[PDB]
Amino acid sequence: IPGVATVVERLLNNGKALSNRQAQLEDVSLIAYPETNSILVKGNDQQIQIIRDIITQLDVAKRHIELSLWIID
Amino acid sequence: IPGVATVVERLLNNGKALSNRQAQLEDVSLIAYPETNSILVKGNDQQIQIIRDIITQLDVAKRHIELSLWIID
Amino acid sequence: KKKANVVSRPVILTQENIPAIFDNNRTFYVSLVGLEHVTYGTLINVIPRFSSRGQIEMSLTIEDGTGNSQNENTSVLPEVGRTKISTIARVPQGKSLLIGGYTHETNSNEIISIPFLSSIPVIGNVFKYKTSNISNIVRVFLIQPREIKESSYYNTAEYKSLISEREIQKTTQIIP
Amino acid sequence: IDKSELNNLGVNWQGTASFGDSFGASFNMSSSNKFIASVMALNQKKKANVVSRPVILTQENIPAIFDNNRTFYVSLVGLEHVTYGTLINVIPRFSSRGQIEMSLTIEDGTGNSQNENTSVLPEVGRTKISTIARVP
Amino acid sequence: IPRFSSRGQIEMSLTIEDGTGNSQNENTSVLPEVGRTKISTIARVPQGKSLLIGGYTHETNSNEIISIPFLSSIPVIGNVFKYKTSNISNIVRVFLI
Amino acid sequence: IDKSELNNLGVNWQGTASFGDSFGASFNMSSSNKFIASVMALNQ
Amino acid sequence: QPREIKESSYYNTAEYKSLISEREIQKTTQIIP
C-alpha cells in the first residue's frame, strides 16, 4: 500500500501546461517525515493549493469493519 | 486479473488524433491509491469526461453465482 | 448411534481496504476412563471494503479443521476434517451469507448367508449376518460482517495501574 | 473462559460359551469361559478463567516491542509445566479528537505439554492476530 | 542512549532483556524463576520522577471436579466419592526507570 | 511479585468383582480382586 | 485499551537509594588508620 507522499509526488510528474483545476508549473519537492507523521512540501502557490485540496479529499475516516465467520458442523 | 487503472492507462496510449466519442489530446496520468480504493487522474476535460464515462460503464454490479456439485454413487 | 454438533466463530476487526490476518489453533483433550487429543486450527485472511448502499464486500481465504488423531475417543472429540475455501463475496448489512458448504450422506447394507438352510422359515434367520451403516454430515461456512459504530466500543473510563503507588514508594524510597 | 463437562455411564459385555466338546460360541468378540462386563460410571466438570495483560509505553509514531515468556509449574501429589509466551509489537499514533490509532502484531499462547495436570494448567492454545485499529 | 530535553527532562532509547533460564523437591519453589522478558522502546522522564515503561500481569483460576454419577450425590457419605482440585495464581512484573 | 495456591482433596476408586467362575465385572478400569481407593488431601 | 500519559501518570520518588553507603566506601578504600 503506497503512501500519500509517494502517490502525490508520482502524480505531479511529466506535465507541460498550466491553468489547472480540481475534480471530485514545475517539479514540486514532496517528502515524508514519519517521525512526526508529516509531509514537507516545496512548490508554487497553485501547486501547494492543489496539494492541500487533494490531500484533504484523500484522507478522511477509515471506517471499521468487523467480520464474524460462522463454521457449523 | 488487471486493475481498472492499468487497463484504462494502457488504453489511452499511442494515439495521434482528437475529436473522440464513446461506443457502448496527450498523455493522461492515471494512478491507483488502494488505501482508500481510489484513482487519481490528471488530464484534459475531454479526457476526464471519457474516463468517467468508461469507468461508469465498466464497473456495475458483479452478480453472485452459487454452484452445487452433486456426486452420486 | 452417534451425534455431534460443533459451532466455531472467529471474529476479527479491521479498517476498510486494509488486509487483516487471524490464525489460531487449540488442542482438545479427553481423559480416558483409566488421554486423546485433537488439534483444531483455523486461519482466515481477509480484505474488506464497502460498496453501494453500505454493502460490505470481502476477499476471503479461509482454512480450518483438525488433524487426524485416531475407545470412543474419536467418538467424543470433534474430528471435523479439514476444509479450505478461497473466494470473494459481498453482503448487505444486516444479513449473512453462506459462502461455502458441503453435505454428505452414506448408506450401506451387507448380508452374508449360508445358501440353502438359511432360507428355512423359523431357524434359518440364525445363519444370516446383516450389517448396516447410515450417516449424514453437514458443514457450513457463513459470514456476517458489520460496521463498527460508537455503540460497539466498551465503556471503561478507568485504568487499573499494574502496581500501587504505595508499593512503589515502599520498594524504592530511602529506608526511614 | 472455558467450561467443560464429560460424563459416561453404562456397561460393555463380552461372552463365551461351550456345549459338549462340539459347539463353541463367542458373543461380541473379534476372534477366538463365561461372561465379562465392564461397568463405567463417571462425571467430570472443569472450569478455567485466565486473564493476561501486557502493558507497554512508548512515544507516538515510534515502534515498540514487548515479548515475554514464563513457565508455569504444578507439583504432582507424589511436576508438569506449560510455557506461556506473548509477543506484541505495535506502532501507535494520534488522530482527530485525540483518538489513538495503532498497528498491531500480536502472538500469544502456550506450548503443548500433556493426572489432571492439563486440567489444572492454563493450556489456552496459540493465537496470532495482525491488524490495525483506532480507539477513542 | 540517554540525552536531555526541555526543562531538564531525560529522554532515553532503551533495549532491555532480562530473566532466567529454565531449570526444573521445591527447588523451583525456592528459586526465583521469573521467566524471560525483552522490551525495546524509547521514553522521557521528568527529573525527580520515575516511569513504568513496561509491565505484565497474569491471573489464573482453575477448578476441576470428578465424581461418581449417582452415589456421590447421597447426602452424608457421598462427599467421600468426589475429587476436587483447584488452582489460583497471580503474577505481576514491572519494568520502571 | 507472585502468589499461588494449589489445593486438592478427594478420592479415586477402582474395582473388580467376580461371581462363580462365570461372571466377571470391572468397575472403572481401562481393560482387564476387590476395591482400591486413592485418597488425596493437600494444600500448598 | 490505550491511554495518553499525563503528568499524573508518573510516580513521585524524590529520592535516590544509593547502592552502597558512604561509610562503607570509606571503610573499604580509606588508608588503614
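Each chain gets a letter, A, B, C, D, E, F and G, in the order it is written, and its residues are counted from 1.
Basically, a residue touches a chain if its C-beta (ideal position, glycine included) is under 8 Å from a C-beta of that chain, and two chains touch if they have at least 3 such contacts.
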| item | value |
| --- | --- |
| Chain pair bearing the highest count of C-beta contacts | D-E |
| Centroid distance [mean C-alpha coordinates] between chain F and chain A, Å | 72 |
| Centroid distance [mean C-alpha coordinates] between chain G and chain E, Å | 26 |
| CA centroid of chain D to CA centroid of chain G, Å | 45 |
| Chain C residues counted as touching two or more neighbouring chains | 12-16, 18, 33, 49, 162, 168, 172 |
| Chain-to-chain touches, reported pairwise for every pair that qualifies | A-B, A-C, A-D, B-C, C-D, C-E, C-F, C-G, D-E, D-F, D-G, E-F, E-G |
| Chain E contact footprint on chain C (complex, rising order) | 161-163, 168, 172 |
| Touching residues (chain side chain F, partner chain D) in the complex | 6, 8, 20-29, 32, 40, 42, 44 |
| Contact set on chain C toward chain G in their complex | 156, 159, 165, 168-169, 172-175 |
| Chain D residues within the chain C interface of the complex | 6, 8, 40, 42, 44, 53, 55, 112, 114, 116, 118-119, 123-136 |
| Complex contacts: residues of chain B adjacent to chain C | 34-37, 62, 64 |
